[PDB]
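As a starting point, one isolated chain is supplied in structure tokens, in the form deposited in one PDB entry.
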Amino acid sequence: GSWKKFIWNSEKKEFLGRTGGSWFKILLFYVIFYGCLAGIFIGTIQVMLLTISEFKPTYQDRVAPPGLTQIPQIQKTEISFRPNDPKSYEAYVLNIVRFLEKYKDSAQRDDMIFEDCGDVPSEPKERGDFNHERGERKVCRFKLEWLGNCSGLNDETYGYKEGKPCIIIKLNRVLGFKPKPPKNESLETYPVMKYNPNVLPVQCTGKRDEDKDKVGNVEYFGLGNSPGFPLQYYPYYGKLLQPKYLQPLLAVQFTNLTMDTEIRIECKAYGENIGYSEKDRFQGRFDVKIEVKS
């Protein structure tokens, strides 16, 4: 090839066609150039961060109706297990136990942070304003005993050992959001359940028509007797003003599932604020497929 000419000379001392005092300047230029570019980039980022608040986002319309999720964090909306096989349902129980750590009664004893809101559903509690004039805001404390037959004060496999499994439903946190339950015209929503003016109602039914004959009985567990989310929480003040906030939960158990069939179940939440989508199959709603092998 072209050896010993375009690599090194030592009759002009030109490595790669450039002398050593010329290699220094062309590298000093690029070091200074990329230094000033990094400086201008950091400076524009820093200036843009001054227009950003630290209590409220600038735009909230892309989380505007929240999602609705279920706590055994599963992989394709599928739950499948054998009750007489303690290695099939172990990951589900581990997920539920790791989620319900902060909801324990021994983790809510700090009375200067937590407070004792009522044991019946009530109106939303305005903690003030997003202006840092009162420091940290107190949080209502959620008792685990309201999730009875679904909490860890009993069967610690949460029903998975004895057939009938149970999920825990929660609504996604949106900063400043107060959910509006539907009105009471007795014609408005579907089909019929117990109505409460301070409860956002949730209902879990079968998806297809052969699933309504196989899902069996469905039990709900929450605060009170009307199934849904209580309203003396909301609207949440953000994790700067309210660390250790506890969102309300709702447990759902399926006591009479049909064996050896895959059952599709749809859970929907109703309200004026709550809206649904056709591409987002997790907005205001979700679905799960349960298959109890025997």
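Rigid core here is just the name for the largest C-alpha set that superposes within 1.5 Å across the two forms. The first residue of the sequence shown is number 1, and the count goes up from there.
In what follows, reference is made to the form deposited in another entry, a form of this protein that is not presented.
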Displaced position between the shown form and the other one, chosen from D213, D105, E101, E185 (C-alpha, 2 Å or more, rigid core): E185
Residue shift check between the shown form and the other one, rigid core fit, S10 Cα at least 2 Å: yes
Rigid-core frame, C-alpha of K87, shift of 2 angstroms or more between the shown form and the other one: no
Outcome for the Cα pair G284, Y190 in the other form, compared with this form (closer or farther; change of 3 Å or more): farther
Cα-Cα trend for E266 and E188, given that in the other form the distance shifts by 3 Å or more: closer
